């Protein structure tokens, strides 16, 4: 009854979409271009490549690792949605798991330094819940590790839950890495389905824009077949309906985010000093998006059960990916993750919470379990 997630849809969407459908342009249209421009202006990076989902975005980005370009590994975290990691396999690269930092629920950057190898083609970091990874440390770790390597591996930030997040005052997508956002249904900015990739320079921008549509320069004369495909690609475009939904929702999203953060600040204050309730780390040099609010709790089943009876939806959200049969071969001991897997839990913190809803959650947690 108090949901963990909710679709945020502008009341303007039904009208905007109706116009797009009657327009005669559903793909490769101007609405998607306009959306991309608007996103780019927000992030502070004009290099935005929209796609039909976040998983596609990662798939597209990782194709840079596999095919730069015209034995390889990707270092990644198992604590995330499978969509973060199966694109690694689809690109024909091996998964090597990096442990999780129990204080942030993000990648352990010291285990990373240990596991970076000449075989490392790419590194994927997930900003879990929109809590930014220490990108300065990440850059330092990658630089120290790959000093002689003759090519630096690709750093990919999975920003799927991280719309609105800032690091050192600037939005994610501006720190020199390839960043993938998701704009799926319950992401705070939604296009229905969709995502976009933000690139750090024009080469990556051009290359990913090409591979988004089969490697075909769309400015070419394909009416006579006078074009060449030098690098094969995928079919990952976002269509005019998505762009329309996105532009509408961009107008409302800053206010939703403000409510997420306000609700989170309320929890950090009120849930502090509760025995059996450990909160997630907080740094001064970043502003989390708080897509959901994380806690690490003793006796989690009793915790969730107690909150569920009080009408509060609660979830583990995802299984550690390293436990799936399909990646049995990459299975390795990750003690940090072991220490949080059975304790981590997510509670509603989003824009749909009223003042009383928020108190009810805190009061319910205070009633013990």
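Positions refer to the first chain, counted from 1.
According to the record, 4 to 9 deposited residues between residue 70 and residue 71 are left without atomic coordinates.
Higher mean CA temperature factor, per the PDB entry, when comparing 219-227 with 189-197: 219-227. Of the two segments examined, 126-134 and 278-286, it is 278-286 that shows the higher average Cα temperature factor in the deposited entry.
When the C-alpha B-factors of 238, 147, 89, 256 are ranked from the entry, the top spot goes to 147. Per the deposited record, 308 carries the highest C-alpha B-factor of all listed residues (26, 308, 61, 51). Residue 169 sits in the middle third of its chain by CA B factor, as recorded in the PDB entry. Ranked against the other modelled residues of its chain, the C-alpha B-factor of residue 81 as given in the entry falls in the middle third. In the PDB entry, a CA B factor belonging to the highest third of its chain's modelled residues is recorded for residue 118. Per-chain ranking of the deposited C-alpha B factor places residue 205 in the middle third.
Ranked within its chain, residue 46 lands in the lowest third, by CA B factor from the PDB record.
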